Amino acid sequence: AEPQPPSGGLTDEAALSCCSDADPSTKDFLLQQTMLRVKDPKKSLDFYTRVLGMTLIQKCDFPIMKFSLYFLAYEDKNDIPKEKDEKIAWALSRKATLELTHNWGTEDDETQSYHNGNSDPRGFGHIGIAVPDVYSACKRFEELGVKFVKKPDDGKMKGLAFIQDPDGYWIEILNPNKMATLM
């Protein structure tokens, strides 16, 4: 009922009082995809497959509306079913996929670019890739012409990097075993 002084962040206890246990109706839900719009799928496919080691697991074309969907994931290309319906059902039940939306023609348009969400207006910030070694990964990214937002040892938090994809989306490069030393 009383006005309170500026809280600050939530306490661990406040955050937890806002959390409910998983209802049994949600028990088989999984976080399947993140969708990003890409100007030029040729550049995006080369980046995500060659630079980041992802596999293209499904491509969907919509001839009438004139757009394509590309699903990228860290999956063994030998696990991709060969039959069309089984393939789509396997691809779209993989956890942690990246869905790239290509609105046909944007690749031919000098002015068009997508917004990465890290300048006004902000919202989405980044995807993040966990790697065994941020320094070796980033050395290879440098050699392959990758643009950096943050080199691993530049700024406050060392051993953490941000690169950008061909559309300028930020990608965090993190070692899960080194994040405790920043927290």
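One rule holds for the numbers: they count along the sequence shown, beginning at 1. So that the term is clear: the rigid core is the largest set of C-alpha atoms that superpose within 1.5 Å between two forms.
*Asks:* On a core superposition, give the stretch, 59-67 or 120-128, with the larger average C-alpha separation from this form in 7 other deposited structures of this protein (RMS over structures and residues).
*Replies:* Output: 59-67, the stretch lying farther off on average in 7 other deposited structures of this protein.
*Asks:* Which wins on mean Cα temperature factor, 151-159 or 36-44?
*Replies:* If you average the C-alpha B-factors of 151-159 and of 36-44, the larger mean comes out for 151-159.
*Asks:* Per the entry, where is the mean C-alpha temperature factor higher: 69-77 or 106-114?
*Replies:* Of 106-114 and 69-77, the stretch with the higher C-alpha B-factor average is 106-114.
*Asks:* Ranking the modelled residues of this chain by C-alpha B-factor as given in the entry, is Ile64 in the lowest, middle or highest third?
*Replies:* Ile64: CA B-factor falls in the highest third of its chain.
*Asks:* What third of the chain does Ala89 rank in for C-alpha temperature factor, lowest, middle or highest?
*Replies:* Within its chain, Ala89 is a middle-third residue by C-alpha B-factor, going by the deposited values.
*Asks:* Where does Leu16 sit by CA temperature factor within its chain: lowest, middle or highest third?
*Replies:* Tercile = highest for this residue's CA B-factor.
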